[PDB]
file query00.pdb (PDB, C-alpha atoms)
ATOM      1  CA  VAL A   1      46.426-161.372  15.816  1.00  0.00           C
ATOM      2  CA  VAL A   2      43.943-158.614  14.943  1.00  0.00           C
ATOM      3  CA  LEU A   3      42.265-156.316  17.476  1.00  0.00           C
ATOM      4  CA  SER A   4      39.236-154.652  15.869  1.00  0.00           C
ATOM      5  CA  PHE A   5      38.163-151.272  17.268  1.00  0.00           C
ATOM      6  CA  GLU A   6      34.560-151.063  16.120  1.00  0.00           C
ATOM      7  CA  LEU A   7      32.692-148.390  18.091  1.00  0.00           C
ATOM      8  CA  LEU A   8      29.407-148.815  16.235  1.00  0.00           C
ATOM      9  CA  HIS A   9      25.844-147.913  17.251  1.00  0.00           C
ATOM     10  CA  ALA A  10      25.792-151.021  19.426  1.00  0.00           C
ATOM     11  CA  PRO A  11      27.156-150.401  22.943  1.00  0.00           C
ATOM     12  CA  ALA A  12      30.865-150.508  23.791  1.00  0.00           C
ATOM     13  CA  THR A  13      31.595-153.457  26.078  1.00  0.00           C
ATOM     14  CA  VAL A  14      35.390-153.451  25.675  1.00  0.00           C
ATOM     15  CA  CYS A  15      37.384-151.540  28.307  1.00  0.00           C
ATOM     16  CA  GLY A  16      40.439-152.371  30.381  1.00  0.00           C
ATOM     17  CA  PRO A  17      42.001-152.050  33.831  1.00  0.00           C
ATOM     18  CA  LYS A  18      45.153-150.399  35.172  1.00  0.00           C
ATOM     19  CA  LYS A  19      46.962-149.938  38.495  1.00  0.00           C
ATOM     20  CA  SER A  20      45.735-150.437  42.080  1.00  0.00           C
ATOM     21  CA  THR A  21      44.432-148.329  44.955  1.00  0.00           C
ATOM     22  CA  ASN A  22      43.883-148.493  48.716  1.00  0.00           C
ATOM     23  CA  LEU A  23      42.047-145.583  50.331  1.00  0.00           C
ATOM     24  CA  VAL A  24      41.147-145.313  54.013  1.00  0.00           C
ATOM     25  CA  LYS A  25      38.949-143.023  56.104  1.00  0.00           C
ATOM     26  CA  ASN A  26      40.148-139.832  57.825  1.00  0.00           C
ATOM     27  CA  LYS A  27      41.858-138.968  54.535  1.00  0.00           C
ATOM     28  CA  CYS A  28      40.243-137.373  51.485  1.00  0.00           C
ATOM     29  CA  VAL A  29      41.065-138.518  47.955  1.00  0.00           C
ATOM     30  CA  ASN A  30      39.490-139.418  44.614  1.00  0.00           C
ATOM     31  CA  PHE A  31      37.978-142.756  43.578  1.00  0.00           C
ATOM     32  CA  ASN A  32      37.044-144.625  40.401  1.00  0.00           C
ATOM     33  CA  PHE A  33      35.000-147.825  40.610  1.00  0.00           C
ATOM     34  CA  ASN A  34      34.254-148.676  36.970  1.00  0.00           C
ATOM     35  CA  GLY A  35      33.616-145.085  35.971  1.00  0.00           C
ATOM     36  CA  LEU A  36      32.145-143.020  38.817  1.00  0.00           C
ATOM     37  CA  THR A  37      34.554-140.485  40.332  1.00  0.00           C
ATOM     38  CA  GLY A  38      34.444-137.987  43.176  1.00  0.00           C
ATOM     39  CA  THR A  39      36.547-136.185  45.751  1.00  0.00           C
ATOM     40  CA  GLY A  40      36.264-136.870  49.455  1.00  0.00           C
ATOM     41  CA  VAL A  41      36.697-139.288  52.345  1.00  0.00           C
ATOM     42  CA  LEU A  42      36.441-143.016  51.600  1.00  0.00           C
ATOM     43  CA  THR A  43      35.276-144.594  54.861  1.00  0.00           C
ATOM     44  CA  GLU A  44      34.912-148.355  55.283  1.00  0.00           C
ATOM     45  CA  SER A  45      31.406-147.402  56.271  1.00  0.00           C
ATOM     46  CA  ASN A  46      28.594-149.078  58.183  1.00  0.00           C
ATOM     47  CA  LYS A  47      26.093-149.423  55.366  1.00  0.00           C
ATOM     48  CA  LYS A  48      24.229-152.260  53.701  1.00  0.00           C
ATOM     49  CA  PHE A  49      24.737-153.820  50.278  1.00  0.00           C
ATOM     50  CA  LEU A  50      23.010-156.312  48.006  1.00  0.00           C
TER      51      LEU A  50
ATOM     52  CA  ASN B   1      23.449-171.551   9.584  1.00  0.00           C
ATOM     53  CA  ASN B   2      25.502-169.335  11.902  1.00  0.00           C
ATOM     54  CA  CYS B   3      26.435-168.999  15.575  1.00  0.00           C
ATOM     55  CA  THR B   4      27.442-165.342  15.664  1.00  0.00           C
ATOM     56  CA  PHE B   5      27.329-165.350  19.472  1.00  0.00           C
ATOM     57  CA  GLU B   6      27.108-167.926  22.243  1.00  0.00           C
ATOM     58  CA  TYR B   7      27.514-168.277  25.993  1.00  0.00           C
ATOM     59  CA  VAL B   8      27.761-171.045  28.587  1.00  0.00           C
ATOM     60  CA  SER B   9      27.185-170.734  32.333  1.00  0.00           C
ATOM     61  CA  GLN B  10       3.697-181.599  46.928  1.00  0.00           C
ATOM     62  CA  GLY B  11       3.750-179.798  43.605  1.00  0.00           C
ATOM     63  CA  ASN B  12       1.511-176.964  44.786  1.00  0.00           C
ATOM     64  CA  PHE B  13       3.423-174.134  43.098  1.00  0.00           C
ATOM     65  CA  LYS B  14       6.890-174.718  44.553  1.00  0.00           C
ATOM     66  CA  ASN B  15       8.242-171.678  42.659  1.00  0.00           C
ATOM     67  CA  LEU B  16       7.616-169.394  39.677  1.00  0.00           C
ATOM     68  CA  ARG B  17       9.876-168.923  36.650  1.00  0.00           C
ATOM     69  CA  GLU B  18       8.970-165.452  35.375  1.00  0.00           C
ATOM     70  CA  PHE B  19      11.048-163.434  32.917  1.00  0.00           C
ATOM     71  CA  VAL B  20      10.661-159.954  31.435  1.00  0.00           C
ATOM     72  CA  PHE B  21      12.316-159.259  28.095  1.00  0.00           C
ATOM     73  CA  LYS B  22      13.140-155.811  26.731  1.00  0.00           C
ATOM     74  CA  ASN B  23      15.479-154.345  24.134  1.00  0.00           C
ATOM     75  CA  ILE B  24      17.421-151.088  23.985  1.00  0.00           C
ATOM     76  CA  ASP B  25      19.948-150.030  21.307  1.00  0.00           C
ATOM     77  CA  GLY B  26      20.090-153.662  20.206  1.00  0.00           C
ATOM     78  CA  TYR B  27      21.703-154.890  23.410  1.00  0.00           C
ATOM     79  CA  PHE B  28      19.364-157.354  25.095  1.00  0.00           C
ATOM     80  CA  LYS B  29      18.821-157.885  28.832  1.00  0.00           C
ATOM     81  CA  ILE B  30      17.555-161.177  30.227  1.00  0.00           C
ATOM     82  CA  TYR B  31      15.798-160.883  33.582  1.00  0.00           C
ATOM     83  CA  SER B  32      15.138-163.957  35.708  1.00  0.00           C
ATOM     84  CA  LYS B  33      14.063-164.385  39.319  1.00  0.00           C
ATOM     85  CA  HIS B  34      12.683-167.725  40.546  1.00  0.00           C
ATOM     86  CA  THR B  35      10.319-166.440  43.210  1.00  0.00           C
ATOM     87  CA  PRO B  36       8.949-169.092  45.602  1.00  0.00           C
ATOM     88  CA  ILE B  37       5.158-168.694  45.440  1.00  0.00           C
ATOM     89  CA  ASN B  38       3.450-171.538  47.297  1.00  0.00           C
ATOM     90  CA  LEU B  39       0.038-169.832  47.111  1.00  0.00           C
TER      91      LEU B  39
END
call {"tool": "encode", "arguments": {"input": "query00.pdb", "output": "structure tokens"}}
result
Amino acid sequence: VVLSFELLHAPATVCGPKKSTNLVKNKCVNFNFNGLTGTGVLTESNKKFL
Amino acid sequence: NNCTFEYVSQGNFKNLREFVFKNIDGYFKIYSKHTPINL
């Protein structure tokens, strides 16, 4: 079975997951939700979503 | 010839099927939104 690593001019749509996380307010840690990082408190906040 | 890619999932103006099509870097984005426009 062949796995071809072509990173050509066309966009890369082949990535992969690892591990697990569970972060709660009143603490202050990192985060990574499909790429975006940052350092701070992760509160299960009262905000909207769509 | 080739199938290089594929994918599978009153009448007074009940809705509208409008779609914008654009291309960047080759990758193509379909946009669909079936807005109900009874007017």
call {"tool": "resolve_selection", "arguments": {"input": "query00.pdb", "expression": "the PyMOL selection byres ((chain B) within 12 of (chain A))", "output": "list in words"}}
result
residues 23, 24, 25, 26, 27 and 28 of chain B
call {"tool": "resolve_selection", "arguments": {"input": "query00.pdb", "expression": "the PyMOL selection byres ((chain B and resi 21) around 7)", "output": "VMD selection string"}}
result
chain B and resid 19 to 20 22 29 to 31
call {"tool": "atom_distance", "arguments": {"input": "query00.pdb", "atom1": "CA of residue 12 in chain A", "atom2": "CA of residue 37 in chain A"}}
result
19.7 Å
call {"tool": "resolve_selection", "arguments": {"input": "query00.pdb", "expression": "the PyMOL selection byres ((chain A and resi 23-28) around 6)", "output": "JSON, numbers by chain"}}
result
{"A": [22, 29, 40, 41, 42, 43]}
call {"tool": "residues_around", "arguments": {"input": "query00.pdb", "residues": "range 5-17 of chain B", "least_positions_apart": "4", "cutoff": "7 Å", "atoms": "all atoms listed in the file", "output": "PyMOL selection string"}}
result
chain B and resi 33-39
call {"tool": "atom_distance", "arguments": {"input": "query00.pdb", "atom1": "CA of residue 4 in chain A", "atom2": "CA of residue 19 in chain A"}}
result
24.4 Å
call {"tool": "atom_distance", "arguments": {"input": "query00.pdb", "atom1": "CA of residue 34 in chain A", "atom2": "CA of residue 21 in chain A"}}
result
12.9 Å
call {"tool": "decode", "arguments": {"input": "query00.pdb", "residues": "range 10-37 of chain A", "atoms": "N, CA and C atoms", "output": "short mmCIF file (atom, residue, chain, number, x, y, z; two decimals), in the first residue's frame"}}
result
data_model
loop_
_atom_site.label_atom_id
_atom_site.label_comp_id
_atom_site.auth_asym_id
_atom_site.auth_seq_id
_atom_site.Cartn_x
_atom_site.Cartn_y
_atom_site.Cartn_z
N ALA A 10 -1.40 22.80 -5.55
CA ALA A 10 -2.75 22.65 -5.05
C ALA A 10 -2.72 22.48 -3.53
N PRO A 11 -3.77 22.92 -2.84
CA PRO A 11 -3.73 22.95 -1.36
C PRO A 11 -3.59 21.59 -0.71
N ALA A 12 -3.00 21.57 0.49
CA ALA A 12 -2.81 20.35 1.26
C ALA A 12 -4.05 20.08 2.10
N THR A 13 -4.71 18.96 1.83
CA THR A 13 -5.94 18.61 2.53
C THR A 13 -5.75 17.26 3.23
N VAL A 14 -4.53 16.97 3.66
CA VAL A 14 -4.19 15.69 4.26
C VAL A 14 -3.42 15.95 5.54
N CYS A 15 -4.11 15.94 6.67
CA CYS A 15 -3.49 16.08 7.99
C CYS A 15 -4.06 14.97 8.86
N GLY A 16 -3.65 14.94 10.13
CA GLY A 16 -4.04 13.85 10.99
C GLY A 16 -4.04 14.16 12.48
N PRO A 17 -4.94 13.50 13.21
CA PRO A 17 -5.12 13.80 14.64
C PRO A 17 -4.21 13.03 15.57
N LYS A 18 -4.10 13.52 16.80
CA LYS A 18 -3.42 12.83 17.90
C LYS A 18 -4.13 13.20 19.20
N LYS A 19 -3.98 12.34 20.21
CA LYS A 19 -4.23 12.66 21.62
C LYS A 19 -5.62 13.20 21.92
N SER A 20 -5.81 13.69 23.14
CA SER A 20 -7.09 14.21 23.61
C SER A 20 -6.82 15.35 24.59
N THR A 21 -7.84 16.15 24.86
CA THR A 21 -7.70 17.24 25.82
C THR A 21 -9.03 17.51 26.50
N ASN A 22 -8.96 18.14 27.67
CA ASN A 22 -10.15 18.55 28.42
C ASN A 22 -9.72 19.71 29.32
N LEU A 23 -10.15 20.91 28.96
CA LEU A 23 -9.68 22.13 29.60
C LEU A 23 -10.87 22.89 30.14
N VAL A 24 -10.77 23.36 31.38
CA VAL A 24 -11.91 23.94 32.09
C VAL A 24 -11.50 25.32 32.60
N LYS A 25 -12.51 26.17 32.81
CA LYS A 25 -12.30 27.54 33.26
C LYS A 25 -11.56 27.57 34.60
N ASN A 26 -11.16 28.78 34.99
CA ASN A 26 -10.47 29.06 36.25
C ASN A 26 -9.04 28.55 36.21
N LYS A 27 -8.69 27.83 35.15
CA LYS A 27 -7.32 27.45 34.86
C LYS A 27 -6.81 28.35 33.73
N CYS A 28 -5.61 28.06 33.23
CA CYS A 28 -5.09 28.82 32.09
C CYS A 28 -4.05 27.98 31.37
N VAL A 29 -4.40 27.52 30.17
CA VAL A 29 -3.61 26.57 29.41
C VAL A 29 -3.66 26.94 27.93
N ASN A 30 -3.02 26.11 27.11
CA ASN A 30 -3.02 26.30 25.67
C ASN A 30 -4.30 25.73 25.07
N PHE A 31 -4.39 25.75 23.74
CA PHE A 31 -5.46 25.09 23.00
C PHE A 31 -5.03 24.96 21.55
N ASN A 32 -5.65 24.00 20.86
CA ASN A 32 -5.40 23.79 19.43
C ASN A 32 -6.66 23.14 18.86
N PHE A 33 -7.46 23.92 18.16
CA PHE A 33 -8.66 23.40 17.50
C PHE A 33 -8.46 23.56 16.00
N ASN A 34 -7.85 22.52 15.41
CA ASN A 34 -7.53 22.47 13.98
C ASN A 34 -6.63 23.63 13.55
N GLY A 35 -5.66 23.97 14.40
CA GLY A 35 -4.62 24.88 13.97
C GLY A 35 -4.38 26.12 14.82
N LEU A 36 -5.44 26.76 15.30
CA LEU A 36 -5.30 28.00 16.05
C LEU A 36 -4.91 27.68 17.49
N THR A 37 -3.87 28.35 17.98
CA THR A 37 -3.36 28.17 19.33
C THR A 37 -3.58 29.43 20.15
#
